Protein chains: 4
Amino acid sequence: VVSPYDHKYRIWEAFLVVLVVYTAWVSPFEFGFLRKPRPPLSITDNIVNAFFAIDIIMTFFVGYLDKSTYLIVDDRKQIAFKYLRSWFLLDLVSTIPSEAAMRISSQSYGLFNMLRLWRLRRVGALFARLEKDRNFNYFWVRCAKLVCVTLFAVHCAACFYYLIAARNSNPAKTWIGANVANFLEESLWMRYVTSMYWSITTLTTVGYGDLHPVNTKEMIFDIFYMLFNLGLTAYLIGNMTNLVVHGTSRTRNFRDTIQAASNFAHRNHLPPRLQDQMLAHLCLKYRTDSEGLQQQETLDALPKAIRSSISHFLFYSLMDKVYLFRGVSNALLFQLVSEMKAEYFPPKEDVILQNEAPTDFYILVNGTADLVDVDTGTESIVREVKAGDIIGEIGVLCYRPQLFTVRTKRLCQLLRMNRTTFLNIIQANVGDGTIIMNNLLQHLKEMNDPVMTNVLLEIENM
Amino acid sequence: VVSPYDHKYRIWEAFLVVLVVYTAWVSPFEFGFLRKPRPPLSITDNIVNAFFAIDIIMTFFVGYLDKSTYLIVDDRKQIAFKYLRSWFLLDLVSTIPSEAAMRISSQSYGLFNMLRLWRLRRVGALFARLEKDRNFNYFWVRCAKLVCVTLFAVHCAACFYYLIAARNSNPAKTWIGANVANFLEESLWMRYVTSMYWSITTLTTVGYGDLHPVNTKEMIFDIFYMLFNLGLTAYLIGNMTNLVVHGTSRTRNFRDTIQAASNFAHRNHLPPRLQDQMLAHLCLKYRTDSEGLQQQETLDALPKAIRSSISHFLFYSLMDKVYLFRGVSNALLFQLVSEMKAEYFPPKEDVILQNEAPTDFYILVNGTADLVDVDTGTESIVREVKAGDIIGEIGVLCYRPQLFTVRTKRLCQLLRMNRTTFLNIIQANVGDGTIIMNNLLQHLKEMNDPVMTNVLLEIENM
Amino acid sequence: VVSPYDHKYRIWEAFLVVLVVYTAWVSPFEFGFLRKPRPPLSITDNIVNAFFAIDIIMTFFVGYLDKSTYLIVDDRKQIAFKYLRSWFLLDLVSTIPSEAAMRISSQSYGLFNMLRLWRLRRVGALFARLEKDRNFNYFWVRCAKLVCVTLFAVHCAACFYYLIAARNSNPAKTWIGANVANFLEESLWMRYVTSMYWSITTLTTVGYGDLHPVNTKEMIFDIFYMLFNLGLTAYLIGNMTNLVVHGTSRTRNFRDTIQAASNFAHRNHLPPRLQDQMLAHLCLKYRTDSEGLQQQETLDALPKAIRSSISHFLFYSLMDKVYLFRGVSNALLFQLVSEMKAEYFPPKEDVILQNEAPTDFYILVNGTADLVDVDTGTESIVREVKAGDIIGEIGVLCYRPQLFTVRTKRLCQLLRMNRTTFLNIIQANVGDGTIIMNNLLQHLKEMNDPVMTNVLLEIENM
Amino acid sequence: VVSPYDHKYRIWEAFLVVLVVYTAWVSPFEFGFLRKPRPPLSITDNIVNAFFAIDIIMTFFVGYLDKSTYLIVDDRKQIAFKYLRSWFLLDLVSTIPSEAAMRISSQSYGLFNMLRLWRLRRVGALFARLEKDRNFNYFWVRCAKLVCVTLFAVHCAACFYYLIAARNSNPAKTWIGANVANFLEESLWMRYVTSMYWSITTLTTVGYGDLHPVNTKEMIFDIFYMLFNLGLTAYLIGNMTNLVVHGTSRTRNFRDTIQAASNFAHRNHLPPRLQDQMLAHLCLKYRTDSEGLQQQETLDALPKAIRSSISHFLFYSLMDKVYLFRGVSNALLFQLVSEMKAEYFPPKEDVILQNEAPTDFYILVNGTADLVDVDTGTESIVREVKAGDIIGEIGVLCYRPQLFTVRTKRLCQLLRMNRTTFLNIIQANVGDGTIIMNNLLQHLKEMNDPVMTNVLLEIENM
């Protein structure tokens, strides 16, 4: 019994697609270039016939994945009936050797050799898989699919066109017979290289003009091949345009955003400190790829029982190490952890201005900042904060404008919390506002500062 | 009076467009290769003209979808006024046979045969109709339109360039007279194949170099035809590029989403159960085409009197089979059914965590989940729920944090109901939360558990 | 002062761009094909120089629309300062006749004739203006710009390459002397046609291979011209791709929406009346181009002082001619008019379901609809409403759920008013709720209906 | 220690990329066209190798910007470990002169010279830098990168194909020996020009047909080179298409908006004053490039501690120069300044209608507007307001419909302020509402709208 997702089974898959690439080269070559068996190739041909014999002896069962349950179905019957519904005679007769066919019909040599190209469904499913896969980048996958179909079309056309040249009385006034007088006397590698040269030169529309059609059957095949090439080249340029437009869109929108904001700052004559705070923020929003750019861009599309657990993994020790949440509850901790906004901040940037409306408070993870107070125009720092300290809580828990300006003097990470979101959580778990006010004003009674807020809040209650 | 949207009438339209394809090949061929009528085509010309005369009779009773009413005007007068004011004269004069034209003037055979190309308006209307259809895929419709206009332009150019070769004294020092010494003695099929070969080799810009202009009239025509081909080839690449970019947008955005989120999970070093819950949800959000991905993309655009009846069709027996809604009303059932959000979930995923904020409850359709409680790290299941049961209703009807973690274990389907949305509904039908509390607390006393929720319930009531 | 936006002045501009097209042909032809003045062109050159001297006089009194005021500046000095600082010297030296140039030196004929290509700034400004216009579609504007730059590049390269063939001792063993040895005896039109034929054949990359370079200077020019052609062809395909991708996007997204919703309805097995109600609404949302589709899509971006007066112009007679607003106010009329949502509806579609939540009510503009009441599965129509009547108000002015079901039976236009939006307006102009209730309960006892609310709300009032 | 962001060091970078452009031309030319050392290039080779040896010495002490801190590491050890672990061996071996190679082996001259192309990492990093830079436009950066890779690939193929021509017995029956009889007896410049002509003619797919392959090794190289040119040509067209679609998107969406609004206004038969108010506003919403269009397009994405200071810089003198804010507070001024939405208005446009809902009020920055009042259909101005004065405050501070209609008459700039946003600020700073009412009614009593405003307004108050 063999199930998928098996590392003994994917070896078998990759070995089969290598044999498919073998057949993709060989079957047109036998169709267009060979009448006789020529055992220097035909021995290897019968050998890979034996490989496909042991292949079809092995292939009778493997489990699959059904939809609407997404479970693995392996039950030792229906596992071979389903596989023998569709193509069993095809790859069955695909293994009959050429000696058998010449014993049957000694004119359908290459005609029966051509039949083996059902095997290319493996390559099709492989490319569908790799597009569905997330390990290999989309660029090289689409590029490889294009080069495979291009080389296959070139090879098939060179084989068919040499077939048209050979299967003709009067070898002169054929397309190879027009300039090369005696090509049946020259080698097989030479004739294949000349036919592939013709096919490449025709497909890419270079067309030097040696090796051109002379009679009518060559003209008809060349008309349909050039219509095919026109469609194929349009398909290639379309895929390459898609592939470039996807690949350079993020940098494009980033540059347009930067250009618009810097153009705004110049026509309004902003101070340059404000100007490069703007550009520092808008630059750091970009190159935090999969830290803070993809964070709010992908965590939004999660069903909120997942990103609550993501927030519980990344930030839960930090909410046990802040003074305002000492012994409040355990339900309140998970709920406050579940609704933070982890944000980055480049160095030398104010994150709370003085006399703001009270709306947010922040909790550091890393980096440092300074509390900056102004008196009559001179900026004086007050107190540097450390990674793990809450800032902005004075006035948000109250209803007062903010007291100090907070400038991140290094690269930092803060956790924003909106005020009405903070209150709507602590309107629930009633009686826990008491412990929040208690471990606030027992922290405000500390620090030995000239407490004007402490005397104002006690009258503010009653 | 024949109506449109009719199965007897569409067959007549399709037979007409088959005759239009006939005329599109034959008329440039007559203009380029023929002087006589040559009755082996004149008979078929008069047959096709007879069918077009039958259709120009038949069109006097066929209704039309008029705008501003979107009804069908079918009244045997003003249904001919619209026809005679639009294009009656041109498909009148397209129907006239050519023996009358040679009876008038023995010069205007080809110039009158070229006038039958007014019939291509049917092809244009057909392609517009097929692009407006939802049955035939847009890809091959655009591909068919491009190949038809390409083949028609190649055919017209081949016939015109052969005409420039023909109506010229000294057949030598023409383009076919340059290499083929005696082309007037060789057959008509040979000359048509050679002109198609020239026109293809020029349009695809292969240009082998034989069959080139040698005098000035051929150079002028070839200049204008190469300019037309430049515009046409750019048009084909533009259409194929559009057709590729629209075809591979969904897979592209899905892959970018998966890449960004898996890139997020690696830098933050999440536990792998969390990591493949994330990837399982983001994968299942894709391949629910026309069940869940198209659901909240198309239902939101509907004017809410439609999606309410869609929700009434799919999920109305289910809300009669839950304990919490027994005999409340019939108005409340329709209102709650109207505002459920059906969502899919891959197996092995938490959908409600323990100690969450009480915001949602869910109703199964299919699949099962498990209530999971943690005490000291060890997590045991409590009560597996069945398809058709409600989870999360405790604490939403109350105001308490959630009690158990709900982990799915099959491909489930849940119906989310928001809390404030739920309370805004039961304020209407006021006095019918009495039955809700009644069949809650009577249900809470059915199973054996701590019924301390009834203790906090009654002190909260009175 | 001659103003812009002037019909006496635009005709002068159009005549000037006709003269610029003349110069763009003639100046490279004189540079490459001529040495003498040759009066059949010299007369016309001096005429065109006279017209450009007339315009370089006329440009001293013509107003300009400056920025930061968007007002026409007309001052007769500083209207010449702006002109002299911009391009007065270059179109001065473009205007000088060439007989003075041969008076200076008998070598600088063509090199001075090429300097007249400064006049193409008029063409550039013209194409910028026509892109900023809304009367000429963007498609053919971009197409005309592309064919102009392409024809001009072809023409200049043909002239330069004939010049390289001409200015050469041993005229044989040049590119034109390779096949036509006596090319200096054959006509000027013939040599211009063969040069244009070469130049088209190189630019399209057809490249027949006759008329190819034979010495080193021709090879160097041909390398640079083919690099230019590579860039130019990529530019042309890029413009045509932009022009196709924009032009086929609305139909594309409409088709994708139809495909997704019809796919959704199939796998959920909805009843077909529901299914074609969905398709009728989704179709009618599309083909109301600039009636209802562009209405919500463009009125949203307006600053709400404009669309209020748009709503006031379209629908103000209707709110006077409805019974519920008889003698209410005039401020409340303007405010309710300003916040309606005019919406179209296809025939055979329910717009309000029975037992809905009371959220909206509607007012007909045109079209007809029917009330539908059901009790035991039988749909009985109650009362057809006429174009200009309000439906849905019984329950929104009250708080009860809806009482009937309204199916549109023609192409209708309704005006939606949301309930919470309706109540926020009637708080202002207080006391007008009394007259709304008054002409509501006065309206219940109008037809002497078997009422079941007329006493049920007067007990709520009294 | 040397730092980046330094003008002594960037000049060294530019001089190195000049020497890289030198080596990119010279190394394939030596590989293809030279066997000898030939001191007229060998001297310059040793000079350029000396400069790269100076740079590989100099690079041990130059600071780098590490991630996760965005600071400059400068420590004189581990700043060399990073350099030794990245690419030290490759630009070591690129520096070695070729006389050492001919001391080793007198056949490995060009085979060693081709290894000097490791220096192109300088060019690649330069293009990455210039795309990330915001001073040079993205258009010509991508265009220059494309022409550099195109000319380099052409140059390499020309050198390799001449190498296949040269290293061959029987110089006749090569590709250059086919038409040129004795190419070894002709100049070096001639052979380089002919090889470059072949390589351009093959890459652009013109392909005249002279200079075509005649033996098998040339056919194999030409097959791989035409496949490469197919890939590169699709890549160039894709890049130019990306570049054009991004370059003309703003004008495209603007034109589509203008088209939809003008088409809406025509099918609904609006009065033309309303119609060109619509088009005036929608035009002005475009050509405020980085004044009003990019203003709310970029300030929205800012973390609101930045744009609060932007609003504080641009608009803070104005809030001290308005009568309603005389001595109110100092925190309230910063909060009100922080939440103003500045807009532009084209001339002759109503910005507030009479009998609107009281929702907004506006403060002029620059420009003049008028007040328009209707009596029975005749409208005239009442009072012109000048830049710096507030309009619409009467009735927003109250709860009354508006009193006048405010029409602009120049390019104006107003500051919108929402009513509920205004009240949610003045609920904070309590007691400052008293001074707002006080300096309103002292302004209302002074400004003689004669009696009925001050009297009826005080009836609401007391």
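One is the number of the first residue shown, and numbering goes on along the chain from there.
When the header is checked for method, it gives electron microscopy, 2.9 Å.
Even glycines carry a Cβ here, placed using N, Cα and C.
Taken from Swiss-Prot, the feature transmembrane segment applies to A:14-34 (among others), supported by sequence analysis.
When the topological domain 'Extracellular' (A:35-42) is classified with DSSP, helix, strand and coil residues number 4 helix, 0 strand, 4 coil. Annotation comment: Swiss-Prot describes A:35-42 (among others) as topological domain 'Extracellular', evidence class sequence analysis.
Away from its own ends, the transmembrane segment (A:43-63) comes close to residues 1-4, 9, 12, 16, 19, 22-23, 26, 30, 72-74, 76, 79-80, 83, 91-92, 94-95, 97-99 of its chain (Cβ-Cβ under 8 Å, at least six residues beyond either end). Sequence annotations record features per position, and here Swiss-Prot assigns transmembrane segment to A:43-63 (among others) based on sequence analysis.
Sequence-distant contacts of the topological domain 'Cytoplasmic' (A:64-86) (same chain, at least 6 residues past either end, Cβ-Cβ under 8 Å): 1, 3-4. Positions annotated as topological domain 'Cytoplasmic' by Swiss-Prot: A:64-86 (among others).
Annotation comment: Swiss-Prot describes A:87-107 (among others) as transmembrane segment.
The transmembrane segment annotation in Swiss-Prot covers A:111-131 (among others) and is backed by sequence analysis. Nonlocal intrachain contacts for the transmembrane segment (A:111-131), taken as residues 6+ away from its ends with a CB within less than 8 angstroms of a stretch CB, comprise 13, 16-17, 19-21, 23-24, 27-28, 30-31, 34, 87, 90-91, 93-94, 96, 98, 101, 105, 138, 141, 145, 148.
Taken from Swiss-Prot, the feature topological domain 'Cytoplasmic' covers A:132-145 (among others). Residues 239, 243, 246-247 of the same chain lie 6 or more positions beyond the ends of the topological domain 'Cytoplasmic' (A:132-145) yet place their CB under 8 Å from a CB of it.
Positions annotated as transmembrane segment by Swiss-Prot: A:146-166 (among others). For the transmembrane segment (A:146-166), the residues of the chain that approach it from at least six positions outside its boundaries are 24-25, 28-29, 31-33, 110, 123, 174-177, 183-184, 191-192, 195-196, 198-200, 202-203, 217-218, 221, 225, 228, 232, 236, 239-240, judged by C-beta separation under 8 angstroms.
Outside the topological domain 'Extracellular' (A:167-193) by six or more residues, the chain places 29, 33, 158, 161, 210-215, 218 with a CB less than 8 A from a CB of the stretch. Swiss-Prot lists A:167-193 (among others) with the feature topological domain 'Extracellular'.
What Swiss-Prot records for A:194-213 is intramembrane segment, and it gives sequence analysis as the kind of evidence.
Beyond the ends of the topological domain 'Extracellular' (A:214-217), by six or more residues, the same chain brings 164, 173-175, 178 to within a C-beta distance below 8 angstroms of the stretch. Residues or ranges marked as topological domain 'Extracellular' in Swiss-Prot: A:214-217 (among others).
Annotation comment: Swiss-Prot describes A:218-238 (among others) as transmembrane segment, evidence class sequence analysis.
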Counts of helix, strand and coil residues, the topological domain 'Extracellular' (A:214-217), according to DSSP: 2 helix, 0 strand, 2 coil
Intrachain neighbours beyond the transmembrane segment (A:87-107), with Cβ under 8 angstroms and 6 or more residues off its ends: 30, 37, 42, 45-46, 49, 52-53, 56, 113, 115-116, 118-119
Positions whose Cβ lies under 8 angstroms from the topological domain 'Extracellular' (A:35-42), at least six residues beyond its ends: 98-99, 102, 109-110
